[PDB]
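Next up is one chain by itself, shown in C-alpha cells, the form deposited in one PDB entry.
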C-alpha cells in the first residue's frame, strides 16, 4: 500500500509510486528521476500515463521498454495542464533528467515536491520566486548538521589534478571510476577531458549514457576499452581483488591503477578537508573515496527552506524511525523560529 507522503491531496496524482500495484484513484503517475528506489515497479506492461522529463522518458522507453503511448514528457520551466491541474517541472540539480514538481491545486494551495535534489541559491531565481508555497515534500537525506561536504566544483578540481599528476608521472597508469546508476557523470568526463582520452565502458552503460542529451557525447565515450585510458566499472568491482582482476585483462598495456569511488557522505568528512584526502593503497593499486554529493548538505537544505518559508514540511527520506522523524521535526522548528515565518 502506497504511503501518504507519495500522494498529492486534491488530485488524482502520485509521485514515485510504481511498486504498489494499481493505486486507488490515481489518474497520473509522476516520476521525478530515473533511480531504482523511485522507478521500482515500471516495465513494458505498465499501462497508465507516466509524467516526467524528456531525459527520464528516454530512459523509460530504451532501458525499461515502457511503451511510447504511456510516456508523457514535459518541458522544464513551462506551465502545463495535466488532467485539469496546472504543473511546472523544475531542474532538481540531482542526476540527469531529475526534476522538482510544482502543483497548483484547484482550491488555491501550492505544493512543491523536491524529488531528490541538491539545493542551490540559483533555485531562488526560478519560477519559485513568483508565488507562495504552502506545502513542501522535502528530500531530507542529509538533514543533520554533521553532514557537511565540499562543492561539486572543489571535488572535480581534486579529481582532475590527482589523475593528471598520476598519469603524467606514469603514462602506463590506468584510471578506473566506479558507477551503479546515472548521476555523477562529471567525475569521469572531467578526468577523461584532462587526459585527452574517451571514457571506455560496457555496452549496457554506453546505452544508458546515450539517452541523456549530454552535448558532444559521441566525442567523449566509447565501447572500445582498448583505445581508452579511463575505464568505467560497476561500483562493486572497485576494491583490490576486482581491480587486480581488471588489470590482468588489459594485456600488459598498464602497470598501475588509480581508481575513484564517488560516495555520498562518509564520517571522514567530519575531520578531513578535500585537500587532505588520501587513498587506500595495495601494491600498484590506489583507491580514492571522493565525497561527490547529488543531495543537499544540511546548510544548503536549511538555506533553501528558510528562503521558501513553507507553511508545512513533509519529509520524504528517513521517515521509517521515530528518532529520525523527531530529529527532523526539531530542526524544522529551529529554522522557522530563527527566520520568523
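Superpose the two forms; the largest set of C-alphas matching within 1.5 Å is the rigid core. Residue numbers count along the first chain shown, from 1. Only residues modelled in both forms are compared.
The form deposited with a small molecule bound is left out here; the points below concern that form.
Taking 175, 159, 238, 201 one by one, only a single residue has any non-hydrogen atom within 4.5 Å of the small molecule in the deposited bound form, and it is 238. Only one of 223-231, 259-267, 151-159, 193-201 places residue heavy atoms within 4.5 angstroms of the small molecule in the deposited bound form, namely 259-267.
Taking non-hydrogen atoms only, residue 297 never approaches the small molecule to within 4.5 angstroms in the deposited bound form. Although the partner is absent here, residue 43 is not a contact residue: none of its heavy atoms lies within 4.5 angstroms of the small molecule in the deposited bound form. In the deposited bound form, the small molecule lies farther than 4.5 Å from every heavy atom of residue 62. The small molecule is not shown here, and in the deposited bound form it never comes within 4.5 Å of any heavy atom of residue 49. Considering 253, 86, 270, 241, one residue stands apart with a C-alpha shift of at least 2 Å between this form and the one not shown following superposition on the core, and it is 270. Closer approach of the C-alpha atoms of residue 297 and residue 275, by 3 angstroms or more, is seen in the deposited bound form than in the present form. Inter-residue distance, residue 268 to residue 165 (Cα): increased by at least 3 Å in the deposited bound form versus the depicted form. At a threshold of 2 Å in C-alpha displacement, with the core superposed and only residues shared by both forms counted, 266-276 is the one segment of at least 3 consecutive residues that shifts between this form and the one not shown.
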